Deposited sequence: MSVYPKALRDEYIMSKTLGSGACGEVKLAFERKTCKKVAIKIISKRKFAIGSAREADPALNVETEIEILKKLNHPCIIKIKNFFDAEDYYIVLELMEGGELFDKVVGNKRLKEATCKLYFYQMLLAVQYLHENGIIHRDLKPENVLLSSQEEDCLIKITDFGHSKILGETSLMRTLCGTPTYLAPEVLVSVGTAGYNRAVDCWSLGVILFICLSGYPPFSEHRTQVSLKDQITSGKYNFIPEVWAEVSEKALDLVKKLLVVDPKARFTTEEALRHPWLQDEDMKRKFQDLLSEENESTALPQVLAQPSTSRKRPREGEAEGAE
C-alpha cells in the first residue's frame, strides 16, 4: 500500500510511466484538487538529489513539491502532461526543425544554468526531458538527477597548494585535462539534437561492423544524406560542434547558444510567450 502520510494529502491514480527502479503515477492533491505527478523510487541517493533540486530555480528544470521517505521514496512534482521526449522520437519519428530548435534552446538554457551553478547532470537523454503539454509548441523540463554531481574544490586543487616532492606524475599530468567534466553534458546534448533532427541515433550497432565504442571514440557518427537533406546546414553545423571528441575543443552551452542556428527571434518569442502563459503572478507595483 501507499504510506499513510502520502494518502493523507494525495489521492493516487493511474500509472503514467514505469520501468527500471521506479514508476511515475498520476495523483490529485487533496487541498487543491489539482493533478500532480508522483515519482516512486524503490529502496548519489535520492535525499541528496532532492537537496540539489530544492536549491535550483529555472523554468526548464523540475521542482520538488513534496517528498516522502517511507518503504519506498515518493517524490511529488508538477505534472508534465506532455510526457517524455523519448515518445516523440522513437520509431524513426522526427520533429519539425522548428520544434527541435524550440526544445533544444530550452535544454541549452537549462544545462547552462546547471553548469553556472556547479552541477553536471550526466544522464541527459530523451527519456529525461519532459514536455509540459501535448502540443508541439510547449515548455520542456529536464528531470532525473540521480547521476548528477556537484562541482567544487577538488582534491587536485588542494594537492597543488603544497610542494609536490612526494606527488605521483599522473596527478600532475591530470592537471592538463581537469575541470572539463561538464563537457559530458554537451556531448549528450549533441546526441539528443542529432536524434531529434534526424529521427535516428548517431552511434549504434545497427548494420555496422564498427563497435559502438570505436564509433564514439573516433567521433564517426552514421551520416545518412537522404535523411539530412531536409534539415538545414546550420542545424547540422551545431551538431558537429557538439560531437567533438576532444572535451576541451567541444562547444560549451554558451558557444551553442551563440551559434547561428539559435539566433532565431521567432523561436525566442514563442518561448517567452509559453513562459508568461505558464506563470500565475501576484499583482505588481507599476
Going from the first residue of the deposited sequence to the last, where are the unmodelled runs? 1-2, 46-59, 303-323
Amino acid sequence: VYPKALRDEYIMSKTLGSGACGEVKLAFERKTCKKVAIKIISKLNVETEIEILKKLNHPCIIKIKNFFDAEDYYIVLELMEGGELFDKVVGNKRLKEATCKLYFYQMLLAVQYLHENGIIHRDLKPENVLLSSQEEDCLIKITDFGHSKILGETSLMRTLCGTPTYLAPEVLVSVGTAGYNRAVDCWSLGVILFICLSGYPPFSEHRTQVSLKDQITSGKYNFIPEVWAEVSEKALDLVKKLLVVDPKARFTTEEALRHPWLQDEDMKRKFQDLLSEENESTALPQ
From here on, numbers count along this sequence of modelled residues.
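C-alpha atoms forming the largest set that superposes within 1.5 Å between two forms make up the rigid core.
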Between 45-53 and 25-33, pick out the one whose C-alpha positions differ more from the shown form in 8 other deposited structures of this protein, using the rigid core for superposition. 45-53
Does the comparison with other entries of this protein show residue 276 left unmodelled in at least a third of them? no
Is residue 152 left out in a third or more of the other entries? yes
Of the two stretches 183-191 and 143-151, which shows the higher Cα B-factor on average in the entry? 143-151
Quick one: higher average CA temperature factor, 122-130 or 70-78? 70-78
Given 201, 176, 91, 169, identify the residue with the highest C-alpha B factor in the PDB entry. 91
By the record's CA B-factor, is residue 112 among the lowest, middle or highest third of residues in the chain? lowest
CA B-factor ranking of residue 60, expressed as a third of its chain: lowest
Going by the CA temperature factor in the PDB record, which third of the chain does residue 219 belong to: lowest, middle or highest? middle
Using the B-factors in the PDB entry, rank residue 29's C-alpha atom against the chain and give the third, lowest, middle or highest. lowest
Among the modelled residues of this chain, does the Cα B factor of residue 53 put it in the lowest, middle or highest third? middle
